[PDB]
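Taking the form deposited in one PDB entry, here's one chain by itself in structure tokens.
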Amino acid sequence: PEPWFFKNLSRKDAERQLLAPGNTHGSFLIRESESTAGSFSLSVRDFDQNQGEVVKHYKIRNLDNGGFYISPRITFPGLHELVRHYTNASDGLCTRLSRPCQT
């Protein structure tokens, strides 16, 4: 039910995908960790200097009550709330989440 969720994607694949045409900085995705079902990671397209398109990755960590967080400073009931929060504020992220990875 979410356009930015991929799951059966690898770190290297998140980038092959994210760095590909149709994506811009702010482009992002959340995926299922292959060795830890139920734990997730957020990957986002970022562009830096004397370099350019760079894909940044953040571990979404699981709470003991269900829930997630990248930064202990704020938690979210679900991935949905995490994505709503980050699109509306970078809040420690290389940048604000813009559109989902183009498939």
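We call the rigid core whatever largest set of C-alpha positions still superposes within 1.5 Å between the two forms. So that there is no doubt, residue numbering starts at 1 and follows the sequence shown.
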- Select between 26-34 and 42-50 the stretch whose C-alpha atoms have the higher average B-factor in the entry. 42-50
- Mean C-alpha B-factor higher for 61-69, or for 74-82? 61-69
- Message: Please say which third, lowest, middle or highest, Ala89 falls into when its CA temperature factor is compared across its chain.
- Response: lowest
- Item | Among modelled residues of the same chain, the CA temperature factor third for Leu19 | lowest
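The form deposited with a partner chain bound is left out here; the points below concern that form.
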- Message: So in the deposited bound form, is the partner chain close enough to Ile30 to count as touching (4.5 Å, heavy atoms)?
- Response: no
- Item | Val83, heavy atom within 4.5 angstroms of the partner chain in the deposited bound form | no
- Can we say the CA of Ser71 moves by at least 2 Å between this form and the one not shown when the core is superposed? no
